[PDB]
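> Residue numbers (our numbering), protein chains in the order written: chain A, 1 to 56; chain B, 1001 to 1333.
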DNA sequence: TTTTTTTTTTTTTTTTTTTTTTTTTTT
DNA sequence: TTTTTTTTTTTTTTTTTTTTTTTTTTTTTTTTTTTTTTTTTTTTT
Ligand SMILES: Nc1ncnc2c1ncn2[C@@H]1O[C@H](COP(=O)(O)OP(=O)(O)OP(O)(O)=S)[C@@H](O)[C@H]1O
Ligand SMILES: [Mg+2]
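Here it is as structure tokens:
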């Protein structure tokens, strides 16, 4: 799933900007395990989307 | 026309499931005989009536709880004794380390065929239950005190060390694993449990049980047993007056109760019940403190009336038969 | 006029997933 | 200023690695259910 997302971010970013299109992704929350520091809350579908998003 | 394509689609899907997982994987509920409720005796006739379906269900989990010296162990040894008499194999996991085998023999248990285990940890005790279930060769397993099922980490650690929710987590895992295996083997699992008090609450009951919440969900029957008085021969205390309450039931209506006598050395008083059921069903006449059967006077006081039913087995056989016919809602002759 | 001959050598990684469980009275 | 105008494979190996030490940077819930208890009868001295 992460690898599919990572590939879709690369393909989309350029096309959205050229068309002037806004893309909104809704995400759900999930718990991390083996975490003593910080928040145990994660989001779903990998890390690519945290880099490519302009607003979270 | 559309009905036909749906019947085929269903038949194909049913075929694919049975291939992938085995023959009995999915059936119509009406044509599945493994799903029928079979029961065994408790040793008390009044309890067999209170349970509704004539006894405790095979292939299920059962919980018996109550205060100290209420008769919990004695009641489970009477279940084992009755099952052994019908040529069933029985195990006793003694986590309390407090079973007396001479008393077990006096109650009618075949000591020589009873499989016994005194395990070191809670995990060892529940792994033996899983092993004996999967075997297919054991009918009744008793686990004496959930309260004494100590996890491994708590035995290795020292007194004072906090292990919050560790025993509860172990019992949740055990239920998940045991439930499926007990049903396939048609094995009855009885858990004995102790009462503890819950602090800082005035609304509802302050009584609770050890071992967390899983066992309340998975149990098909939960019994609350309590000592409600003494049985005397003038001065000498010879036994206990006992009340069992059916607090959860999934094979018949709950919230019925049973009253019977536990006599020290003998166990449950069968003929004592037979009088009380005979009086209730108009088969025995009572004139104050005098008992009578078909005109003739059998005795005066419950003890003499019970002593009359001992040395007249013909009348005892007759009354048992009629009480069984009348009151048992699902007889199995 | 007169007639062909014979292969060579690899390149480079991609991406996380998901929570479990109560415990015990005090005058 | 040339033409070929149709190709083949036919079955493989590797011969056992490093890594060479991780991150964090502080969160939240957003307000529950209870659902009705027993005790079983002590002692003073
Ligand atoms: N070996 C024995 N001989 C005579 N009476 C006994 C014996 N063991 C138990 N009893 C009596 O039978 C009655 C019920 O005892 P149990 O069946 O042990 O009840 P219980 O709830 O298992 O009690 P625990 O495990 O000690 S909290 C009590 O009055 C006991 O004194
Ligand atoms: Mg006991």
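Idealized CB from N, CA, C, for every residue including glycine.
DSSP state of residue 1279 (chain B), grouped into three classes?
Helix at residue 1279 (chain B).
> Could you check which residue in B:1150, B:1151, B:1127, B:1147 has the C-alpha nearest to that of residue 1141 (chain B)?
B:1127
> When DSSP labels each residue in this structure, what does residue 1060 (chain B) get in the three-state scheme?
Coil.
> Return the chain-ordered list of same chain residues with a C-beta closer than 6 Å to the C-beta of residue 1206 (chain B), the five sequence neighbours on each side being excluded.
1197, 1198
> Kindly confirm or deny that the segment 1107 to 1116 of chain B and the segment 1082 to 1090 of chain B touch, where touching means at least three C-beta pairs closer than 8 Å.
yes
> Of all the beta strand (DSSP E) runs that stay within the bounds of the segment 1183 to 1221 of chain B, which reach a length of 3 or more residues?
1188 to 1197, 1207 to 1209
> Rounded to whole angstroms, how far is the Cβ of residue 45 (chain A) from the Cβ of residue 27 (chain A), which I believe are closer than 8 Å?
7 Å
> Using the Cα positions of residue 1015 (chain B) and residue 1009 (chain B), report the straight-line distance between them to the nearest angstrom.
Separation of residue 1015 (chain B) and residue 1009 (chain B) (C-alpha to C-alpha, rounded to the nearest whole angstrom) is 10 Å.
> Could you check which residue in B:1175, B:1180, B:1179, B:1121 has the C-alpha nearest to that of residue 1155 (chain B)?
B:1121
> Quick one: grab the DSSP three-state call for residue 1117 (chain B).
strand
> Ligand 1 heavy atoms versus the CB of residue 1003 (chain B): any closer than 7 Å?
no
> Across which residues does DSSP place residue 1293 (chain B) in a beta bridge pair?
B:1296
> Tell me the DSSP secondary structure of residue 1149 (chain B) in three-state form.
coil
> If you drop the 5 nearest sequence neighbours on each side, which residues of the same chain put their C-beta closer than 8 Å to that of residue 23 (chain A)?
12, 16
> If you draw a straight line from the alpha carbon of residue 1029 (chain B) to that of residue 1035 (chain B), how long is it in whole angstroms?
8 Å
> The alpha helix (DSSP H) that contains residue 1165 (chain B), what's its start and end?
No alpha helix (DSSP H) contains residue 1165 (chain B), which DSSP labels as neither H nor E.
> Does residue 1250 (chain B) pass the burial test, meaning 16 or more other C-beta atoms within 10 Å, or should it be called exposed?
Exposed, since its Cβ has fewer than 16 Cβ neighbours within 10 Å.
> Of the residues B:1223, B:1088, B:1173, B:1170, which one's Cα is nearest the Cα of residue 1195 (chain B)?
B:1223
> Any chance the segment 1039 to 1055 of chain B sits against the segment 1258 to 1274 of chain B, with 3 or more Cβ pairs inside 8 Å?
yes
> Assuming residue 1069 (chain B) contacts residue 1227 (chain B) under a Cβ cut-off of 8 Å, what Cβ separation, rounded to an integer in Å, is found between them?
Rounded, the Cβ-Cβ distance is 7 Å, consistent with contact.
> Considering only the alpha carbon of each residue, which of B:1135, B:1204, B:1184, B:1167 lies closest to residue 1213 (chain B)?
B:1167
> If contacts are defined as beta-carbon pairs under 8 Å, then residue 1119 (chain B) and residue 1104 (chain B) qualify, I think. What distance do you get, rounded to the angstrom?
Not a contact, Cβ separation roughly 18 Å.
> Under 7 Å: does the beta carbon of residue 1072 (chain B) sit that close to some heavy atom of ligand 2?
yes
> For residue 1294 (chain B) and residue 1265 (chain B), what's the separation of their Cα atoms in angstroms?
33 Å
> What is the rounded straight-line gap between the Cα of residue 1281 (chain B) and the Cα of residue 1323 (chain B)?
7 Å
> At a cut-off of 7 Å, would you count residue 1147 (chain B) as near ligand 1, judging by its Cβ distance to the nearest heavy atom?
No, the Cβ of residue 1147 (chain B) stays beyond 7 Å of every heavy atom of ligand 1.
> Near residue 1298 (chain B), what residues of its chain come up, given a Cβ to Cβ distance below 6 Å and the 5 sequence neighbours on each side ignored?
1291, 1305, 1308
> Please classify residue 1032 (chain B): is it buried, with 16 or more other beta-carbons within 10 angstroms of its beta-carbon, or exposed?
exposed
> Where does residue 1040 (chain B) fall in DSSP's three states?
strand
> With DSSP collapsed to three states, give me the class of residue 1095 (chain B).
coil
> Going by DSSP, what residue range makes up the beta strand (DSSP E) through residue 1105 (chain B)?
It is not in any beta strand (DSSP E) - residue 1105 (chain B) instead sits in the alpha helix (DSSP H) that spans 1101 to 1107.
> Return the CA-CA distance between residue 1021 (chain B) and residue 1165 (chain B), expressed in angstroms with no decimal places.
36 Å
> Between the beta-carbon of residue 1220 (chain B) and the beta-carbon of residue 1061 (chain B), is there less than 8 Å?
yes
> Within a Cβ cutoff of 6 Å, which residues of the same chain sit near residue 1240 (chain B), ignoring the five residues on either side of it in sequence?
1227, 1262
> So what does DSSP say about residue 1140 (chain B), is it helix, strand or coil?
strand
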